Amino acid sequence: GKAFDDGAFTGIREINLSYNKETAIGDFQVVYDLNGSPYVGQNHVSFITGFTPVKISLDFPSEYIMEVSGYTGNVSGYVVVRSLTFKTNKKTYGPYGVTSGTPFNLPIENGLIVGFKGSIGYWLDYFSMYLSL
Amino acid sequence: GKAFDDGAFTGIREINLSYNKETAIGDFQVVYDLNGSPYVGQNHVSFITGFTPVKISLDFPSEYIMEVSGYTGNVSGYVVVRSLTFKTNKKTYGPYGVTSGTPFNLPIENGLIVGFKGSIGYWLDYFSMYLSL
Amino acid sequence: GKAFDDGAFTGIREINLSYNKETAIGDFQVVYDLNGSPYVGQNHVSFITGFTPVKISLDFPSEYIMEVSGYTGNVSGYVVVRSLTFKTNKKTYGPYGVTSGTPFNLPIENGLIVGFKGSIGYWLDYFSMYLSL
Amino acid sequence: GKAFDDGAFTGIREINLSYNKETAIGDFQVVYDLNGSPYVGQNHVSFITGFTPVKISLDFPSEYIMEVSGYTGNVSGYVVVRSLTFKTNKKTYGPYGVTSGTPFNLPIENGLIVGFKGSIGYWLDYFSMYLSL
Amino acid sequence: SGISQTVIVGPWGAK
Amino acid sequence: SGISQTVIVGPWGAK
Amino acid sequence: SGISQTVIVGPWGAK
Amino acid sequence: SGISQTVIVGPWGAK
Ligand SMILES: CO[C@H]1O[C@H](CO)[C@H](O)[C@H](O[C@@H]2O[C@H](CO)[C@H](O)[C@H](O)[C@H]2O)[C@H]1NC(C)=O
Ligand SMILES: CO[C@H]1O[C@H](CO)[C@H](O)[C@H](O[C@@H]2O[C@H](CO)[C@H](O)[C@H](O)[C@H]2O)[C@H]1NC(C)=O
Ligand SMILES: CO[C@H]1O[C@H](CO)[C@H](O)[C@H](O[C@@H]2O[C@H](CO)[C@H](O)[C@H](O)[C@H]2O)[C@H]1NC(C)=O
Ligand SMILES: CO[C@H]1O[C@H](CO)[C@H](O)[C@H](O[C@@H]2O[C@H](CO)[C@H](O)[C@H](O)[C@H]2O)[C@H]1NC(C)=O
């Protein structure tokens, strides 16, 4: 897939992603906070279409992600991220996608997610997160 | 269980833990690096016995943990950490314990594990890790 | 004066400031690096005019500030920053302004300046710096 | 002089230094906090004697240093740290030594001093500070 | 406070 | 809060 | 270099 | 390396 790296910011305001309940996660885009102002990150799109979009608007700065979880598995011979769930101090968003395969979860006790990087081909191949105090 | 919190240090030199191939992880103790010198952390012991010990001596500072993985599951009605695996830039230590239940893994792209906290009763109930650059 | 706070970024690419050899520092503006791309910070201007501008273009990312020094003193009854000097790993820029009053200097052994905040009225009243690894 | 480097810790509990009102700062030793417990740092002593000691006991963790200032100057042909002043959120300790020469000051808006390094011969040649959130 | 902070991830296991 | 923190040194100048 | 660093955890998914 | 890093300001005094 095509690798992307948004880098690190001051916080997260909104997440826009798409999924297909039969395959995996597709598009991924984040609106970050940059020192008090919104900063629209680049839209990282799948090479294909047919995904269902969803918008996750956080009540920044009072609301923030405390845990990210999901599943990774094989789709058409490729290991990809099949589902994602975002748990904040207020609500739980998701799961989005297919909850099948190998689970993973990153609970944060102290700190914040301030950026994302990864790769998307037909689906989200992999992703990593920037953490800061 | 009895909660413990070693706090944060400069790095990790050695890990001493015990496990039982029929149940879960028991004792946990770490020898940290504290500004160039070894610092022996407190030994956090299980309320019971019958565990098999193992010593993980790292070639500090050239060798460091890049990924921690394991399994959590029910044992005698309690959710505990059943197995742990430590992957460094040189070897893979483990898995130690029972590889059954729900998997979890924390790969580190940039940064270091510099401390541990958690709780141990009959077995390791849960644990968290301090991360730093 | 009017307070300003640019916040924290990924690095510094260029600094644009103005000074008067009879008084103190006036305008202050910084072009930061934001995850590999230039980010033009807001221009913080003096309430008055008559200053001499100067542009400090750094060879980012190979060139970075290692020490900031200057002088603070009274001008028309106000304590302000009268001069600034920026020393990088390649050149020394300045001093700009009047080298009279009380000196100050911030040498950095490990880390980077990633942001500025302060206040400007007729002159630069005060300023602070964001530091990060 | 003989270089020293205590490294980084969790905070500062006490500072023990000595000075001579005719020359400069001599001995320097710090009792740090290491994850909730006191950690006695090595005593860094002058090659000579005749200094007046002083103990600065901070009300950790409610009391912490917010600004360090002092003077550097020539003594017997050597540039050394002639005086130091430690300002916390509760009191001001010092000045200790001779307030003559070139002043310097490090005010901290956000963050903490968590370690010291430097060099001492007959007097404190130079010193640096570790900062962390 | 006068106590240094560090990022902490977890916990994994019992909640 | 959900806002990242950074070490800040200063200010130098007027208090 | 003159580029700020941050802790990064991952990746999860394909290796 | 496997050694943690921290911001360090200074030195003040002799160079
Ligand atoms: C249908 O192929 C495209 O979409 C899949 C799933 O999203 C992959 O991104 C695939 O890329 C190939 O991915 C593997 C790992 O699973 C490895 O990174 C290969 O080098 C890479 O080509 C992608 N196709 C292309 C050519 O981008
Ligand atoms: C046999 O009971 C002891 O050992 C188990 C497994 O290691 C637990 O540590 C158990 O503690 C109880 O644990 C739950 C969660 O699984 C919750 O934290 C309870 O409040 C806690 O008592 C432990 N027993 C005791 C009393 O320490
Ligand atoms: C001529 O007055 C303006 O310019 C000076 C120097 O730049 C100051 O910024 C002054 O502001 C006043 O500054 C003091 C400290 O030196 C204190 O912060 C006062 O509250 C503030 O008004 C500025 N005038 C105004 C009204 O902005
Ligand atoms: C009387 O000489 C000793 O004490 C002075 C002041 O404390 C210096 O530490 C001096 O060391 C020499 O210092 C310079 C800088 O001012 C440079 O670092 C020289 O290489 C160093 O020898 C110290 N004498 C000795 C030999 O340690």
# chains A, B, ... in the order shown; residues from 1 in each chain; ligands from 1
>>> interface_residues(of="chain C", to="chain A", cutoff="12 Å", atoms="only C-alpha atoms", output="PyMOL selection string")
chain C and resi 4-11+33-37+39+41+115-117+132-133
>>> residues_near_ligand(ligand="ligand 4", cutoff="6 Å", atoms="only C-alpha atoms and all ligand atoms", output="ChimeraX atom specification")
/D:1,78-79,120-125 /H:14
>>> write_last_selection(atoms="N, CA, C and O atoms", output="PDB file, in the first residue's frame")
ATOM      1  N   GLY D   1      38.871  20.852  35.884  1.00  0.00           N
ATOM      2  CA  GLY D   1      38.256  20.192  37.062  1.00  0.00           C
ATOM      3  C   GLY D   1      37.792  18.784  36.751  1.00  0.00           C
ATOM      4  O   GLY D   1      37.954  18.300  35.628  1.00  0.00           O
ATOM      5  N   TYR D  78      40.588  31.514  36.240  1.00  0.00           N
ATOM      6  CA  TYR D  78      39.634  30.520  35.753  1.00  0.00           C
ATOM      7  C   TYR D  78      38.210  31.042  35.774  1.00  0.00           C
ATOM      8  O   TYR D  78      37.802  31.711  36.721  1.00  0.00           O
ATOM      9  N   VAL D  79      37.447  30.726  34.734  1.00  0.00           N
ATOM     10  CA  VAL D  79      36.052  31.137  34.695  1.00  0.00           C
ATOM     11  C   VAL D  79      35.315  30.074  35.508  1.00  0.00           C
ATOM     12  O   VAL D  79      35.425  28.884  35.219  1.00  0.00           O
ATOM     13  N   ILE D 120      33.958  20.300  38.749  1.00  0.00           N
ATOM     14  CA  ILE D 120      34.470  21.036  39.896  1.00  0.00           C
ATOM     15  C   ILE D 120      35.964  20.788  40.023  1.00  0.00           C
ATOM     16  O   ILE D 120      36.416  19.643  39.977  1.00  0.00           O
ATOM     17  N   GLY D 121      36.720  21.871  40.157  1.00  0.00           N
ATOM     18  CA  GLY D 121      38.160  21.777  40.344  1.00  0.00           C
ATOM     19  C   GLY D 121      38.343  22.403  41.710  1.00  0.00           C
ATOM     20  O   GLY D 121      37.964  21.811  42.721  1.00  0.00           O
ATOM     21  N   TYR D 122      38.921  23.598  41.756  1.00  0.00           N
ATOM     22  CA  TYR D 122      39.047  24.295  43.029  1.00  0.00           C
ATOM     23  C   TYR D 122      37.631  24.818  43.280  1.00  0.00           C
ATOM     24  O   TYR D 122      37.156  24.866  44.413  1.00  0.00           O
ATOM     25  N   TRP D 123      36.952  25.182  42.193  1.00  0.00           N
ATOM     26  CA  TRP D 123      35.596  25.716  42.270  1.00  0.00           C
ATOM     27  C   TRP D 123      34.718  25.061  41.211  1.00  0.00           C
ATOM     28  O   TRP D 123      35.208  24.302  40.376  1.00  0.00           O
ATOM     29  N   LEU D 124      33.423  25.357  41.263  1.00  0.00           N
ATOM     30  CA  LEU D 124      32.470  24.827  40.292  1.00  0.00           C
ATOM     31  C   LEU D 124      32.790  25.514  38.962  1.00  0.00           C
ATOM     32  O   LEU D 124      32.582  26.721  38.814  1.00  0.00           O
ATOM     33  N   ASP D 125      33.310  24.742  38.010  1.00  0.00           N
ATOM     34  CA  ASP D 125      33.710  25.266  36.700  1.00  0.00           C
ATOM     35  C   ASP D 125      32.510  25.633  35.848  1.00  0.00           C
ATOM     36  O   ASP D 125      32.448  26.715  35.260  1.00  0.00           O
TER      37      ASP D 125
ATOM     38  N   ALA H  14      32.590  27.982  32.731  1.00  0.00           N
ATOM     39  CA  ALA H  14      33.679  27.803  31.777  1.00  0.00           C
ATOM     40  C   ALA H  14      33.226  27.018  30.552  1.00  0.00           C
ATOM     41  O   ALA H  14      32.362  26.150  30.649  1.00  0.00           O
TER      42      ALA H  14
END
>>> interface_residues(of="chain H", to="chain B", cutoff="8 Å", atoms="only C-alpha atoms", output="number ranges by chain")
H: 1-6
>>> residues_near_ligand(ligand="ligand 3", cutoff="12 Å", atoms="only C-alpha atoms and all ligand atoms", output="number ranges by chain")
C: 1-3, 23-27, 45-48, 72-82, 118-127; F: 12-15
>>> atom_distance(atom1="atom CA of residue B:53", atom2="atom CA of residue B:15")
10.6 Å
>>> atom_distance(atom1="atom CA of residue C:90", atom2="atom CA of residue C:67")
11.6 Å
>>> interface_residues(of="chain H", to="chain F", cutoff="12 Å", atoms="only C-alpha atoms", output="list in words")
residues 6, 7, 8 and 9 of chain H
>>> write_last_selection(atoms="N, CA and C atoms", output="PDB file, in the first residue's frame")
ATOM      1  N   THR H   6      16.954  12.940  27.986  1.00  0.00           N
ATOM      2  CA  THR H   6      16.267  14.036  28.650  1.00  0.00           C
ATOM      3  C   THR H   6      16.800  15.352  28.088  1.00  0.00           C
ATOM      4  N   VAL H   7      15.984  16.398  28.105  1.00  0.00           N
ATOM      5  CA  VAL H   7      16.449  17.704  27.641  1.00  0.00           C
ATOM      6  C   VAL H   7      17.508  18.170  28.648  1.00  0.00           C
ATOM      7  N   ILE H   8      18.570  18.811  28.167  1.00  0.00           N
ATOM      8  CA  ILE H   8      19.622  19.327  29.056  1.00  0.00           C
ATOM      9  C   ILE H   8      19.979  20.738  28.617  1.00  0.00           C
ATOM     10  N   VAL H   9      19.894  21.691  29.540  1.00  0.00           N
ATOM     11  CA  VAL H   9      20.237  23.076  29.237  1.00  0.00           C
ATOM     12  C   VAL H   9      21.517  23.427  29.973  1.00  0.00           C
TER      13      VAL H   9
END
>>> atom_distance(atom1="atom CA of residue C:54", atom2="atom CA of residue C:38")
18.9 Å
>>> decode(residues="chain H", atoms="N, CA, C and O atoms", output="PDB file, in the first residue's frame")
ATOM      1  N   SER H   1      20.028   3.773  21.168  1.00  0.00           N
ATOM      2  CA  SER H   1      20.495   2.842  22.235  1.00  0.00           C
ATOM      3  C   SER H   1      19.390   2.606  23.255  1.00  0.00           C
ATOM      4  O   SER H   1      18.299   3.171  23.153  1.00  0.00           O
ATOM      5  N   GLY H   2      19.685   1.772  24.243  1.00  0.00           N
ATOM      6  CA  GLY H   2      18.712   1.471  25.271  1.00  0.00           C
ATOM      7  C   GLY H   2      18.796   2.407  26.456  1.00  0.00           C
ATOM      8  O   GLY H   2      18.391   2.049  27.558  1.00  0.00           O
ATOM      9  N   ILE H   3      19.318   3.611  26.240  1.00  0.00           N
ATOM     10  CA  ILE H   3      19.431   4.582  27.322  1.00  0.00           C
ATOM     11  C   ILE H   3      18.483   5.751  27.088  1.00  0.00           C
ATOM     12  O   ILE H   3      18.508   6.372  26.027  1.00  0.00           O
ATOM     13  N   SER H   4      17.652   6.037  28.084  1.00  0.00           N
ATOM     14  CA  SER H   4      16.686   7.131  28.017  1.00  0.00           C
ATOM     15  C   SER H   4      17.360   8.500  27.903  1.00  0.00           C
ATOM     16  O   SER H   4      18.434   8.726  28.465  1.00  0.00           O
ATOM     17  N   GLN H   5      16.708   9.409  27.182  1.00  0.00           N
ATOM     18  CA  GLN H   5      17.215  10.767  26.972  1.00  0.00           C
ATOM     19  C   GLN H   5      16.340  11.811  27.654  1.00  0.00           C
ATOM     20  O   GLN H   5      15.137  11.621  27.828  1.00  0.00           O
ATOM     21  N   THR H   6      16.954  12.940  27.986  1.00  0.00           N
ATOM     22  CA  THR H   6      16.267  14.036  28.650  1.00  0.00           C
ATOM     23  C   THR H   6      16.800  15.352  28.088  1.00  0.00           C
ATOM     24  O   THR H   6      17.933  15.411  27.632  1.00  0.00           O
ATOM     25  N   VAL H   7      15.984  16.398  28.105  1.00  0.00           N
ATOM     26  CA  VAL H   7      16.449  17.704  27.641  1.00  0.00           C
ATOM     27  C   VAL H   7      17.508  18.170  28.648  1.00  0.00           C
ATOM     28  O   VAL H   7      17.358  17.938  29.848  1.00  0.00           O
ATOM     29  N   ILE H   8      18.570  18.811  28.167  1.00  0.00           N
ATOM     30  CA  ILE H   8      19.622  19.327  29.056  1.00  0.00           C
ATOM     31  C   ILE H   8      19.979  20.738  28.617  1.00  0.00           C
ATOM     32  O   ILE H   8      20.325  20.947  27.454  1.00  0.00           O
ATOM     33  N   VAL H   9      19.894  21.691  29.540  1.00  0.00           N
ATOM     34  CA  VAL H   9      20.237  23.076  29.237  1.00  0.00           C
ATOM     35  C   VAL H   9      21.517  23.427  29.973  1.00  0.00           C
ATOM     36  O   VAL H   9      21.743  22.964  31.092  1.00  0.00           O
ATOM     37  N   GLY H  10      22.343  24.241  29.324  1.00  0.00           N
ATOM     38  CA  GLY H  10      23.622  24.631  29.883  1.00  0.00           C
ATOM     39  C   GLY H  10      24.681  24.313  28.844  1.00  0.00           C
ATOM     40  O   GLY H  10      24.350  23.961  27.714  1.00  0.00           O
ATOM     41  N   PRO H  11      25.968  24.389  29.196  1.00  0.00           N
ATOM     42  CA  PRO H  11      26.422  24.750  30.536  1.00  0.00           C
ATOM     43  C   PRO H  11      26.634  26.241  30.733  1.00  0.00           C
ATOM     44  O   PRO H  11      26.782  26.998  29.769  1.00  0.00           O
ATOM     45  N   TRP H  12      26.643  26.646  31.998  1.00  0.00           N
ATOM     46  CA  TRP H  12      26.914  28.026  32.379  1.00  0.00           C
ATOM     47  C   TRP H  12      28.229  27.937  33.130  1.00  0.00           C
ATOM     48  O   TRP H  12      28.413  27.039  33.955  1.00  0.00           O
ATOM     49  N   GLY H  13      29.139  28.853  32.833  1.00  0.00           N
ATOM     50  CA  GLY H  13      30.440  28.844  33.480  1.00  0.00           C
ATOM     51  C   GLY H  13      31.525  28.716  32.427  1.00  0.00           C
ATOM     52  O   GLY H  13      31.397  29.277  31.340  1.00  0.00           O
ATOM     53  N   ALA H  14      32.590  27.982  32.731  1.00  0.00           N
ATOM     54  CA  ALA H  14      33.679  27.803  31.777  1.00  0.00           C
ATOM     55  C   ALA H  14      33.226  27.018  30.552  1.00  0.00           C
ATOM     56  O   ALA H  14      32.362  26.150  30.649  1.00  0.00           O
ATOM     57  N   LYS H  15      33.809  27.314  29.394  1.00  0.00           N
ATOM     58  CA  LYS H  15      33.428  26.601  28.177  1.00  0.00           C
ATOM     59  C   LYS H  15      34.472  25.550  27.825  1.00  0.00           C
ATOM     60  O   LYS H  15      34.179  24.336  27.920  1.00  0.00           O
TER      61      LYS H  15
END
